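Chain and residue survey
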Amino acid sequence: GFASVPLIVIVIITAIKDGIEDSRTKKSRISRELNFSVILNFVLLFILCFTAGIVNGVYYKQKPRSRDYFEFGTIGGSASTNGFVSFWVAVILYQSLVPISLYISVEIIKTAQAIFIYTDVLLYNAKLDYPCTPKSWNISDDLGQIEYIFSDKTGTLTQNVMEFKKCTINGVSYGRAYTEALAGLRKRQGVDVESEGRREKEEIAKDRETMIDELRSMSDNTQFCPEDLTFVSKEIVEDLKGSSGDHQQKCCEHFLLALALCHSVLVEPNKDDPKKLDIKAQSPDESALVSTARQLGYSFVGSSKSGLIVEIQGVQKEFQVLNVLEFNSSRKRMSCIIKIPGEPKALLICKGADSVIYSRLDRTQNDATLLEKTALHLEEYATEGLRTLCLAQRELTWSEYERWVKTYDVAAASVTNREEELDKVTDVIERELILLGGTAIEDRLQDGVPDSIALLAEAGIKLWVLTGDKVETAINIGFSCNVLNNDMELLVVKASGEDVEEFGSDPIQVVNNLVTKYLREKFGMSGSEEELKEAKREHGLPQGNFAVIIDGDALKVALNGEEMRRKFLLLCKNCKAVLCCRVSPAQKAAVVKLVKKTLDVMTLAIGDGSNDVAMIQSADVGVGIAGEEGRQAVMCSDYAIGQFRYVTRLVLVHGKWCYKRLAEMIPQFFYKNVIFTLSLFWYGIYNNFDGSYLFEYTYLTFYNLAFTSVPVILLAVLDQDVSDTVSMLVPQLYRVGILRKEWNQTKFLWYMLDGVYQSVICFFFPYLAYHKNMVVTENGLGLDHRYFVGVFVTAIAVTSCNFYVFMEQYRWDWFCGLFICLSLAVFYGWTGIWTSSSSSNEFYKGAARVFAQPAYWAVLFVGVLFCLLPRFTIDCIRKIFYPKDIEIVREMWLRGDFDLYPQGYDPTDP
Amino acid sequence: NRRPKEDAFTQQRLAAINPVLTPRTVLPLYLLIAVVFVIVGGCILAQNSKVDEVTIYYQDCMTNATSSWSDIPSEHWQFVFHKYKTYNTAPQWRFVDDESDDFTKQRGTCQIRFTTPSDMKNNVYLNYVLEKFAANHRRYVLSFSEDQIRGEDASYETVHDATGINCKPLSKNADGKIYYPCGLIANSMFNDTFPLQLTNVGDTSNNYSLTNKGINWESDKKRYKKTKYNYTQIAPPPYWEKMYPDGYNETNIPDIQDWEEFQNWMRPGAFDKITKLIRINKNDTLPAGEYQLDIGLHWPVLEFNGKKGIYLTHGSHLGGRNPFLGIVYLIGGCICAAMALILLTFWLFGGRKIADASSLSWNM
Ligand SMILES: *[C@@H]1O[C@H](CO)[C@@H](O[C@@H]2O[C@H](CO)[C@@H](O[C@H]3O[C@H](CO)[C@@H](O)[C@H](O[C@@]4(O)[C@H](O)[C@@H](O)O[C@H](CO)[C@H]4O)[C@@H]3O)[C@H](O)[C@H]2NC(C)=O)[C@H](O)[C@H]1NC(C)=O
Ligand SMILES: Nc1ncnc2c1ncn2[C@@H]1O[C@H](COP(=O)(O)OP(=O)(O)CP(=O)(O)O)[C@@H](O)[C@H]1O
Ligand SMILES: *[C@@H]1O[C@H](CO)[C@@H](O[C@@H]2O[C@H](CO)[C@@H](O)[C@H](O)[C@H]2NC(C)=O)[C@H](O)[C@H]1NC(C)=O
Ligand SMILES: *[C@@H]1O[C@H](CO)[C@@H](O[C@@H]2O[C@H](CO)[C@@H](O)[C@H](O)[C@H]2NC(C)=O)[C@H](O)[C@H]1NC(C)=O
Ligand SMILES: *[C@@H]1O[C@H](CO)[C@@H](O[C@@H]2O[C@H](CO)[C@@H](O)[C@H](O)[C@H]2NC(C)=O)[C@H](O)[C@H]1NC(C)=O
Ligand SMILES: CC(C)CCC[C@@H](C)[C@H]1CC[C@H]2[C@@H]3CC=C4C[C@@H](O)CC[C@]4(C)[C@H]3CC[C@]12C
Ligand SMILES: CC(C)CCC[C@@H](C)[C@H]1CC[C@H]2[C@@H]3CC=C4C[C@@H](O)CC[C@]4(C)[C@H]3CC[C@]12C
Ligand SMILES: CC(C)CCC[C@@H](C)[C@H]1CC[C@H]2[C@@H]3CC=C4C[C@@H](O)CC[C@]4(C)[C@H]3CC[C@]12C
Ligand SMILES: CC(C)CCC[C@@H](C)[C@H]1CC[C@H]2[C@@H]3CC=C4C[C@@H](O)CC[C@]4(C)[C@H]3CC[C@]12C
Ligand SMILES: CC(C)CCC[C@@H](C)[C@H]1CC[C@H]2[C@@H]3CC=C4C[C@@H](O)CC[C@]4(C)[C@H]3CC[C@]12C
Ligand SMILES: *[C@@H]1O[C@H](CO)[C@@H](O)[C@H](O)[C@H]1NC(C)=O
Ligand SMILES: OC[C@H]1O[C@H](O)[C@@H](O)[C@@H](O)[C@@H]1O
Ligand SMILES: [Mg+2]
């Protein structure tokens, strides 16, 4: 055949295109509705063929018709098997409504959309040289229905460029600084930020100059550089030698030694100057700590097999490292045991999370007041946006250390899931430590992230933040960006502190009572069985702008219990902000799966890092940021972009365009098939459904391939709802992609009904021009043949279908119009070419005979008019009287509101 | 590097126009369509009301006929002239039997005399109209060997079990021969022997002559070629035996290249009614007067309660008399005008600002 063989080449060419466009799994959301629509189309085919078989067989037992004299049809069968063979021939003729090219056309269009995504200049990060490469091609329309964007504070919102700014040591806050976060907090307070900011900046410059002068007068270092001295505390350089006693001096010395020693950074020589070093590490905070420790006087260089070379204010000595336990996301701490001489003792120093270290803190040898001072200092640091880091030390005799080493090399040296025993050993050795202070490191946001989040939140997306730093820094960063705007209150679900006394019980009851209360006074929503049914059905829209804050323990308890899970789900359905802090990667995956599975919605899971891959993999549209060395989040992702500032284009422009293009394609693809098969059926009401085919045998294999199959693909690939500039300027249009107000079964059913009506008009005009005398040839020679009537009907149907595709296209370019005219030209010219050939024996003169008849054009013009008149009239009395937002926006920017900004414009650009 | 190539086509910045159906450019379009289509419909009705035709059914010229000059019942004749709308003038019709032939189902001759009160210019077509003759059934239309039509002397090996287009039940006869024009189509030819002239009655000096040369598209003469059989392996189809009682001999082979009557019957009609050209006149105008036509009655019709008759017309540029095209242009124009007025009224009554920014779904 020719309706199934030429598709095998295309279905492999479309994959060769992907393979070529990749050297330089899971389905979409519309696919399920597509399968349902195909099933319903088969149902329509079956009912048509059933009616045809029913009629063909009724007249075999009728009056003596003219078939028993000239046809020799005298066989003892009329309905036992003749109806069966009539039904079979009817279905084999009606196979046109078996869409095989639909699953090829949709694949071609999705691949073309993905390629157009990959070749967009605005999706290109020049600094890193990484275009937006779509790892998965099937998901291109899923970007137009996103309702939740699960962000990640690791490397997406903030670049992993750590900057040491402050540090608390024995209750003294060494460090003064002023960045954009402090200015934002001051603006939130209300005081001036320009003059005060300039005064603070000049004071900071003076303090830094005094600090560097005192350091230079103190001693000399082989790696000192005045460009990497981001630490501006002159109160520590004086305390270093003797200037504030020895109790503070020795504590500061131990603090800086812990910073310089506890690390996992590799040391390499500088390319230009061998005396300079270019220490590199996977963890930017460790690199910042090592750099500031080296530049304050305690330099680190080299790597020996047993011990690390360190320079202390001039003296070059060699320590003895005994063991080191690395840093894991689920552990939130990194430790190392070394030897201190006088039976030398063992010194264990670890750095980790603010809460984890406090939990893993001894209750015997403590000042009983340094804990509170350090806690308040760390909270003050985090309030201004400084991700803290707690340091805990421990002294050990050789006996207990040797027993620990025996446990370590009997368990952590084994096989068969060693990591569990490694964790057991680490938690055994880290149960009694004394805090010796903390540090403060800050990192700025990306370029244009505040405006990107403003655009994302304005477009109805209810974005979440699954950060892990801590609650206060997350709140500050949400306020600095536009996740947390003004006129919004923060429902805190923290199960400790002040909200524990009011509901003193186990955390189960604490979170239950707190969530139930907040849900009760904030909304009339109490319930866990049926309110979920409204939540599922209403399709989602933010209202009453609130915010929710969730801790790691609060998250781990709010999704463990069933009632807890649905209460958390109903509570976190607020407008735009859900700040989940201190969360483990497993908690990230759990919350993403909760939001996705229950109340089925669309979940973007942008992230970066090897720990959040569980969030990307266990989501729907996993966007992977290409950031630091941890590129594992990009390979196991659905997309890949240079930095977060591109999502506001990948969701508001390409996603909406793709969703609208496919939602406009599919009903028209069912339309173009109905308008033909129903035409065959309407011819079938005559001749008593015996099984004659109205068109030629070569219109089965060329109506869905060349006549009217190119314009639909061009409509679904190269159609712009609105130019990308206006889509950036008016993100609210994306709202129609969230409420599922563009692709619903009512639209498809109405399109099929329009197809049936237009098939009626398409077939019954030639017959009405033939029924009276059937001599319409302007010279009486007579066409009279069912193939020429088929030419009439096919011409009307093809022209009407092409014009129907061209009407519903939002943007009339020179490409889609050219291919519509060229599709009409293909129909005419190929009828001419094939008819003037001996291989068209019966037909043999379609072009010369039919096309020269003025009756043919006189009926074609009216068929074209009467086919498009109802749809055009309805559109005119609906785009003027009940206009959607898109029509109003189009009218606006045609009037010349948005005529100032150029074509290559996006607000997410500094 | 890896930067994608910037281009007006790659960056989705193709030159384009974005149209919106604002009333500033919708009412003019509707008025233009309405005016154009009303003009064309009026022109076509004006040109089409002028055409004239004569339809005379004669399936009842044997059983319900007299040997004297009767009048056709008002249920058969239909004269349509654009100059005499009150012109009944019932035509006369006579039956002349022929007892030589033993085909008692239908035989003889029909003498149908009508009157044309006007003239038809330079082109007169006489067609035979059939009715209630199913000629579009699946088995009927797909049964005719193409090789024999092309002139090849194809044998039973490639005439009976060829592809979907083959003469299955009428391939070979009982004597081992294969029918030359095999198939249910050629076996069911129209056997009514139409004459070669409309004999006048008021002036016998000038008969109106018709020639059956050129009643089919000339193009088919490049497809219907003379056969290449030796008149020893072919026989006429079972329904053709009365035309060739002695079978096929060296001289009676029908040359279908110029047999236009048979060429016009190898295109089966699409619908139940059939109208195939059988006589043409291209030289002399047919002057107004009374004319006589003598028609054979070989082809039986009443067995399946069908109808047959003659259809004489000059035609026009859009075929015969058919008001459908003009009616539907008028309907299209009227509907377009009515919709234009409806939009005008609903725009002057439910008026609203055109670029109404305060009407968006999120601004309310
Ligand atoms: C023009 O075309 C019409 C119809 O296409 C022709 O009418 C057809 O005439 C044939 C016979 O000439 C007739 O065929 C059958 O007629 C009898 C019906 O019962 C039947 O007896 C007859 O049988 C014989 O011919 C058979 O060989 C065999 O049955 O033996 C008997 C002797 O015992 C013998 O007489 C034959 O089977 C068709 O039925 C008839 N068409 C219709 C619709 O009834 C007409 O003859 C053609 N005329 C010309 C001039 O071409
Ligand atoms: N090299 C290191 N050793 C010990 N602790 C570290 C560390 N780097 C960071 N930390 C801190 O310890 C905690 C451990 O969590 P981890 O960093 O694995 O995931 P996280 O989400 O909590 C922070 P992030 O979002 O920056 O990855 C972090 O909150 C971090 O502030
Ligand atoms: C016009 O046609 C009529 C009808 O055939 C012709 O009249 C017949 O002519 C033949 C030969 O001359 C005679 O044998 C018949 O007796 C005539 N019949 C009648 C009823 O008159 C007439 O001759 C034709 N006219 C011309 C000029 O050819
Ligand atoms: C109309 O005139 C044409 C032109 O002469 C006639 O065609 C000729 O017909 C004769 C038959 O007597 C043939 O021998 C010639 O070969 C034909 N010539 C051409 C050029 O076709 C035609 O017969 C006339 N028709 C009528 C009804 O009078
Ligand atoms: C071939 O068969 C045909 C059958 O029509 C014969 O034609 C008939 O026979 C006479 C000969 O006496 C012809 O002049 C006539 O054309 C036909 N008869 C009648 C009454 O019209 C033809 O003669 C046969 N030829 C041969 C060579 O046998
Ligand atoms: C899209 C389809 C399912 C809509 C319904 C189709 C109906 C309206 C069409 C399809 C088949 C048609 C019938 C086909 C056969 C005949 C027998 C004829 O002697 C009278 C008309 C009659 C009875 C037609 C009436 C209209 C009909 C029933
Ligand atoms: C946005 C989509 C849903 C718009 C729908 C347009 C189509 C489906 C609607 C609007 C105009 C409607 C047609 C208006 C006029 C006719 C002729 C009437 O005698 C029967 C109903 C029929 C045949 C309607 C069929 C359905 C129809 C074609
Ligand atoms: C939804 C669909 C069925 C709407 C159909 C539109 C209707 C109003 C139009 C379109 C096709 C038209 C029919 C086409 C064929 C015929 C047969 C003819 O001898 C009488 C007119 C008649 C009966 C027309 C009547 C009006 C008609 C039925
Ligand atoms: C033998 C054939 C292939 C010659 C080429 C036919 C085409 C190109 C020519 C020959 C007859 C011409 C048509 C004659 C009549 C009309 C009807 C009028 O309302 C529109 C123009 C239109 C439709 C002309 C368009 C061009 C036309 C269709
Ligand atoms: C033999 C010929 C004269 C029959 C002609 C019948 C014509 C004149 C009649 C029969 C059916 C009628 C139509 C029936 C329905 C409507 C729909 C209405 O919204 C516009 C008028 C319109 C379209 C009528 C126009 C006139 C009409 C088409
Ligand atoms: C002949 O036809 C007329 C009208 O068509 C009718 O009145 C008459 O009864 C018919 N006679 C016969 C014998 O059929
Ligand atoms: O004789 C009546 C009938 O008998 C047989 O069935 C066949 O020869 C038919 O062609 C014929 O019409
Ligand atoms: Mg990370």
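Residues numbered from 1 in each chain as written, not as in the entry; some residues may be left out. Chains lettered and ligands numbered in written order. Heavy atoms only, no water.

Its PDB header attributes the entry to cryo-EM and lists the resolution as 3.85 Å.

Concerning the UniProt feature "disulfide bond" in chain B
Residue and element names in this part refer to chain B. Rules: By definition, disulfides here are pairs of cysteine sulfur atoms that lie within 2.5 Å. UniProt positions are given in the numbering used here, feature names are shortened, and annotations may be inferred rather than shown by experiment. Think of it this way: any DSSP run of H or I at least four residues long counts as a helix, any run of E at least two long counts as a strand, and we number them from the N terminus. Burial classes: relative accessible area under 20% of the type maximum marks a residue as buried, over 50% as exposed, and values in between as partly exposed (1.4 Å probe, protein chains only).
Below 2.5 Å lies the sulfur separation expected of a disulfide, and the 2.0 Å found between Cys-61 and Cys-110, a pair UniProt records as linked, sits within that range. Remark: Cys-110 occurs in strand β6 (residues 109–116) and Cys-61 occurs in the loop between β2 (53–57) and β3 (70–71); sequence separation between them is 49 residues. Of the residues examined, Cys-61 reaches a relative accessible area of 0% and is grouped as buried. Residue class for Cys-110 comes out buried when judged on its relative accessible area of 0%. Below 2.5 Å lies the sulfur separation expected of a disulfide, and the 2.0 Å found between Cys-167 and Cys-182, a pair UniProt records as linked, sits within that range. Highlighted residues: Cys-167 in the loop between α3 (146–150) and β8 (178–179) and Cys-182 in the loop between β8 and β9 (197–200), separated in sequence by 15 residues. Of the two residues, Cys-167 and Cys-182, neither departs from the other in class, the shared state being buried.

Describing the interface of chain B and chain A
Cut-off, in case you're wondering: Throughout, a residue-residue contact means that at least one pair of heavy atoms, one from each residue, lies within 4.5 Å. Buried area is a sum: the accessible area each of two parts loses on coming together, probed at 1.4 Å, counted once for each and added. Each reported salt bridge corresponds to a side-chain nitrogen of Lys or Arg within 4 Å of a carboxyl oxygen of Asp or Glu. Each polar contact in these results corresponds to two N or O atoms within 3.5 Å; when the atoms are within protein, one needs to be able to donate a hydrogen and the other to accept it, and residues that are neighboring in sequence are counted only if both atoms are side-chain atoms.
Counting residues at the interface gives 98 residues for chain B and 103 residues for chain A. Around 9200 Å² of area is buried between chain B and chain A when both sides are counted, 63% of it from carbon and sulfur atoms. Here chain B is connected to chain A by three salt bridges. Linking chain B with chain A are 33 residue pairs in polar contact.

Some words on the coordination of the magnesium ion (ligand 13)
Residue and element names in this part refer to chain A. To keep things clear, this is the line we draw: Donor selection uses N, O and S atoms within 2.8 Å of the metal (3.2 Å for Na, K and Ca). Since no water is included, sites may look incomplete.
On the protein side, the magnesium ion (ligand 13) has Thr-154 (OG1) and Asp-608 (O) as donor atoms, found 2.6 to 2.8 Å from it. Its relative accessible area of 27% is what places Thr-154 among the partly exposed residues. When its relative accessible area of 3% is taken as the criterion, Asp-608 is described as buried.

Details of the domain arrangement of chain B
Threshold: The domain boundaries here were taken from an automatic or database domain assignment.
Domain parsing of chain B yields domain 1 (25–51 + 323–345) and domain 2 (52–315). Centre-to-centre separation of domain 1 of chain B and domain 2 of chain B, based on C-alpha positions: 41 Å.

Considerations on the sheet that holds strand β3 (residues 148–151) of chain A
Residues and elements named next belong to chain A. Put simply, the rule reads: Two strands are said to pair when DSSP picks up at least two bridges between them.
On the basis of which strands lie adjacent, the open sheet formed by six strands has the order β15-β16-β17-β14-β3-β18 and parallel pairing. Looking at strand neighbours, the two that pair on one side only are β15 (490–492) and β18 (603–604), the edges of this open sheet. Summarising the sheet, strand β16 (residues 547–550) and strand β17 (residues 577–580) pair through four bridges and their orientation is parallel. Bridging from a neighbouring strand, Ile-549 pairs with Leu-579 of β17.

Observations regarding the packing of helix α2 (residues 30–55) of chain A against helix α4 (residues 82–94) of chain A
Residue and element names in this part refer to chain A. Test applied: Each axis is a line fitted through C-alpha atoms, and for a helix only the stretch in contact is used; angles between axes span 0 to 180 degrees, taken between their N-to-C directions. Roughly parallel here means an angle under 35 degrees, roughly antiparallel means over 145, roughly perpendicular means 65 to 115, and every remaining angle is called oblique. Rotating anticlockwise by less than a right angle from the far helix to the near helix defines a left-handed crossing, while the corresponding clockwise rotation defines a right-handed one.
It is at 9 Å that the axes of α2 and α4 come closest, and there the two elements cross at 140 degrees. It follows from the interaxial angle that α2 and α4 lie oblique. Helix-helix and strand crossings are classified by hand; for α2 and α4 the assignment is right-handed. Side by side, α2 and α4 meet where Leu-45, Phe-46, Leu-48, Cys-49, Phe-50 and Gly-53 of the first sit next to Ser-86, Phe-87, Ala-90, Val-91 and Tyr-94 of the second.

Here we look at the UniProt feature "active site" in chain A
Residue and element names in this part refer to chain A. The UniProt record marks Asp-152 with the feature "active site", using the residue numbering of this structure. Relative to the helices and strands, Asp-152 is located in the loop between β3 and β4 (163–169). Residue classification places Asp-152 among the buried positions, given a relative accessible area of 1%.

Description of unusual backbone geometry
You will see that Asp129(A), though not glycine, has its phi angle at about 60 degrees, which is positive. Its location among the elements puts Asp129(A) in the loop between β1 (124–125) and β2 (130–131). The phi torsion at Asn305(B) lies on the positive side, around 55 degrees, for a residue other than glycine. Locating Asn305(B) in the fold gives a position in the loop between β13 (289–296) and β14 (307–313). For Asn305(B), a relative accessible area of 51% translates into the label exposed.

Some remarks on the site of ligand 3
All names here are of chain B. Under the convention used in this document: For each residue, the test is whether any non-hydrogen atom lies within 4 Å of the molecule or strand; if one does, the residue is near. Surface accessibility in these figures is a Shrake-Rupley result with a 1.4 Å probe; residues are shielded only by whichever protein chains are displayed. Only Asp, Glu, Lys and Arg are considered charged, only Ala, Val, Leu, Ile, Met, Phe, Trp, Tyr, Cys and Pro nonpolar, and every remaining residue, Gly among them, polar.
The environment of ligand 3 is made up of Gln-197, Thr-199, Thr-204, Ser-205 and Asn-207. Here a nitrogen atom of ligand 3 sits 3.1 Å away from a polar atom, N or O, in the main chain of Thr-204. A distance of 2.4 Å separates an oxygen atom of ligand 3 from a polar atom in the side chain of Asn-207. Calculation on ligand 3 without its partners gives an accessible area of 580 Å², and the protein chains cover 25% of this total. Of the residues assigned to the shell around ligand 3, the class counts are no nonpolar, five polar and no charged.

Describing the nonpolar core
Selection criterion: We define the nonpolar core as a collection of buried residues of types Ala, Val, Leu, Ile, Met, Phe, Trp, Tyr and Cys that are connected through side-chain atoms lying within 4.5 Å of one another.
By size, the foremost hydrophobic cluster in this structure holds 114 residues, and its most contacted members are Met665(A) and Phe271(B). The biggest single contributor to this core is helix α25 (residues 654–685) of chain A, with 16 residues. Not counting the four nearest positions on each side in its chain, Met665(A) is found in contact with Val106(A), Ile109(A), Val712(A) and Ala716(A). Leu170(B), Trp265(B), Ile278(B) and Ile295(B) belong to the second-largest nonpolar core, a separate cluster that totals 61 residues.

Regarding empty space enclosed by the protein
Residue and element names in this part refer to chain A. Threshold: Throughout, the protein atoms alone are placed on a 1 Å grid, and a set of points is a cavity if a 1.4 Å probe fits but cannot get out or a pocket if it is open with protein on both sides within 12 Å along at least five of seven lines; lining residues have an atom within 4 Å of a point. Grid points are joined across faces, edges and corners, and a volume is the space filled by probe spheres set on the points.
By volume, the largest cavity amounts to about 140 Å³. Along the wall of the largest cavity there are 16 residues; nearest its centre are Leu-93, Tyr-94, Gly-684, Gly-691 and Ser-692. When the residues that make up the lining of the largest cavity are grouped by side-chain class, the tally is 10 nonpolar, five polar and one charged.

Things to note about the pairing of β16(A)
All names here are of chain A. Burial along β16 is two-sided: the residues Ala-547 and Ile-549 and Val-548 and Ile-550 are all buried. One ladder, built from three bridges, connects β15 with β16; its direction is parallel. When the bridges of β16 are listed, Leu-491 appears paired with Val-548.

Section: the side chain of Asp192(B)
All names here are of chain B. Within the secondary structure layout, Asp-192 lies in the loop between β8 and β9. The exposure class assigned to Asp-192 is buried, which follows from its relative accessible area of 4%. Of note is the side chain of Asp-192, whose polar atom sits 3.1 Å from the backbone nitrogen of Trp-299.

A few points about a nonpolar patch on the surface
All names here are of chain A. Under the convention used in this document: Like-charged residues within 9 Å of one another, or nonpolar side chains (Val, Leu, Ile, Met, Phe, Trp, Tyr) within 5 Å, are grouped into patches, provided each residue has over 30% relative accessible area and no salt bridge.
A contiguous nonpolar surface patch, about 580 Å² in accessible area, is contributed by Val-5, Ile-8, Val-9, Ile-10, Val-11, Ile-12 and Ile-13. Its location among the elements puts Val-11 in helix α1 (residues 6–20). On the basis of relative accessible area, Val-11 is assigned to the partly exposed category, the value being 39%.

So, the domain arrangement of chain A
What the domain assignment reports for chain A is domain 1 (6–122 + 654–895), domain 2 (147–157 + 447–647) and domain 3 (163–442). Its C-alpha centre places domain 1 of chain A at a distance of 71 Å from the equivalent point of domain 3 of chain A.

With respect to the environment of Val9(A)
In this fold, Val9(A) is placed in helix α1. Residues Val9(A) and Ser23(A), spaced 14 residues apart in sequence, show a C-alpha to C-alpha distance of 22 Å.

A short note on the pattern of salt bridges
Residues and elements named next belong to chain A. One pass over the full model with this rule turns up 44 salt bridges over all chains. In this structure, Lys-153 engages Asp-469 in a salt bridge whose closest nitrogen and oxygen atoms are separated by 2.3 Å. Accessibility classification places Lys-153 together with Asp-469 in one group, the buried group. Residues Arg-387 and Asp-285 are paired through a salt bridge, measuring 3.4 Å at the closest nitrogen-oxygen approach. Accessibility expressed as a relative area gives 22% for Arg-387, which makes it partly exposed.

A short note on the sheet that holds strand β8 (residues 315–318) of chain A
Picture the strands of a sheet paired through backbone hydrogen bonds; they go either parallel or antiparallel. Residues and elements named next belong to chain A. Spatially, the three strands line up as an open sheet ordered β6-β7-β8, and their pairing is antiparallel. Of all strands in the sheet, those with a lone pairing partner are β6 (298–300) and β8, marking the two edges. Each strand of the sheet is rotated relative to its neighbour by a mean of 25 degrees, with strand direction disregarded. Pairing of strand β7 (residues 309–312) with β8, which is carried by four bridges, proceeds in the antiparallel orientation. Bridging from a neighbouring strand, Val-310 pairs with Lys-317 of β8.

Digging into α4(A)
Here is the rule: Each residue after the first adds 1.5 Å to the expected span of a helix.
Here α4(A) spans 18 Å end to end across 13 residues, near enough to the 18 Å set by a 1.5 Å rise per residue. Listed as buried for α4(A) are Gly83(A), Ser86(A), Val89(A), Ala90(A), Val91(A), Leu93(A) and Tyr94(A). Of the surrounding secondary structure, the elements contacted by the buried residues of α4(A) are α2 and α25 of chain A together with α2 (138–141) of chain B.

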